[PDB]
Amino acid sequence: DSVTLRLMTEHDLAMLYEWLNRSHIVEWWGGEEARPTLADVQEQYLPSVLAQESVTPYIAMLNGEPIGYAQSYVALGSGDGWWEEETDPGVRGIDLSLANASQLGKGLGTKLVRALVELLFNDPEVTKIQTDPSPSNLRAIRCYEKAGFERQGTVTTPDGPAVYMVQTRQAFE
């Protein structure tokens, strides 16, 4: 049980494309529809395109095996209505939504979160990590808390209410 992260590179885009075609669920209410093409993936996840939005892509690995995709982003200046009240350039948010996109039968839980937190605090410009799980996602909230995150309350995002959680460098230590 060794969970670790690396930068995602373009060679990973084929793999991500494969994983998104595993994770593809059309719910009865039917957003989604499409189902991504290799070109769709390249277009959305190209590292250079993510760079324009201050997003950094990662591959989460279990025992050297890539099992999912993660992203960190600079909260401040995110746009499309995201994190509009942010003031501090050092806040990084994390997006673990694709962190089991390979559909392993078990999630890397707080181990995954700790490794991402540790990696991000390696950059001296980073002051605090935030994450915004669904208010109904009690298990993810608990995993974040076990990893050192503290619930701050519920915020309205473009995707709806979210439970806003943070870990400062100081708290992390």
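The numbering used is simple: start at 1 and walk along the sequence shown.
Mean CA temperature factor is higher for 16 to 24 when stretches 159 to 167 and 16 to 24 are set side by side in the entry.
Here 99 to 107 and 76 to 84 are compared by their mean Cα B-factor, and 99 to 107 comes out higher.
Across the residues 131, 127, 136, 63, the deposited record lists the maximum Cα B factor for 63.
Between the residues 55, 38, 46, 140, it is 38 that shows the highest Cα B-factor in the PDB record.
Among the modelled residues of its chain, residue 34 has a C-alpha B-factor that falls in the highest third according to the deposited record.
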